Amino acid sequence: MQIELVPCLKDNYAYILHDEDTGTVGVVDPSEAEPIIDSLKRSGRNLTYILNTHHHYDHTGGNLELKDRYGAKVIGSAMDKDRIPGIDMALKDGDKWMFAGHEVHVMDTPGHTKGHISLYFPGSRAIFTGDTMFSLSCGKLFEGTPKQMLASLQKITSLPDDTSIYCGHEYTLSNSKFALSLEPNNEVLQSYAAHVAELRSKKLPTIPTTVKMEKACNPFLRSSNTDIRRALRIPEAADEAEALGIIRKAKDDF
């Protein structure tokens, strides 16, 4: 499966999924129809499926136009069925869904919203995490709790280290500045953050990231780290969920 990043809006990523044997095409999180249409006209293909990670307008804004234009089918969360525009098929946690005969494993990943899902394509060693996990951050907790976010992040990080993570936004550079404020002695983070700065200086994406990288660098996955806790005066006795909630509030106000 070829995964094409499609920049939308200011910093969103939609993903056009191209099956190689069939020419079936899907799109993950079409923020707006036009950039998707533009890409499809180039490849000279029709859109089969629209998949949404969560309900926010920046992930669902293009749904109705694309559905009407192409006769595409919208695939989204059963929890969010009344909030996903145009939804044809509603999927539950642990559901398997076939994208032209490639397995998609649906994971409920509440935290940013209640209803957010992530989409794991084991055959492509790829997961679409929406706004649950970014490179070096997690979504703001608009509907869910720190405990829910932690659990969701741990589901993602339980996948193989070589799993590529395709997330909803290009936030990595700003995220890296906050991460370095907390864990400046993390050399893997130092190196990554520099590479990110280089990519962004030439207007290239920092996505996909990987499970391995995020475990090594993302503060939200590293909340028991002594330096991070000391930087934020998080008590040694706090559990990981409490620590995450403190990190998230600090980042919001950074």
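One-based numbering along the sequence shown.
Mean C-alpha B-factor is higher over 33-41 than over the other stretch, the pair under comparison being 33-41 and 199-207. Higher mean CA B-factor, judged across 89-97 and 119-127 from the recorded values: 89-97. Comparing the C-alpha B-factors of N46, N186, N218, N52 in the entry, the top value falls on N46.
The entry assigns its greatest Cα B factor, within the set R83, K140, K177, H169, to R83.
Placement of the Cα temperature factor of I247 within the chain: lowest third of the modelled residues, per the deposited record. In this PDB entry, the Cα temperature factor of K212 sits in the middle third of its chain's modelled residues. Ranked against the other modelled residues of its chain, the C-alpha B-factor of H105 as given in the entry falls in the middle third. When all modelled residues of the chain are sorted by CA temperature factor, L136 is found within the lowest third.
Remark: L5 belongs to the middle third of its chain, ranked by C-alpha B-factor as recorded.
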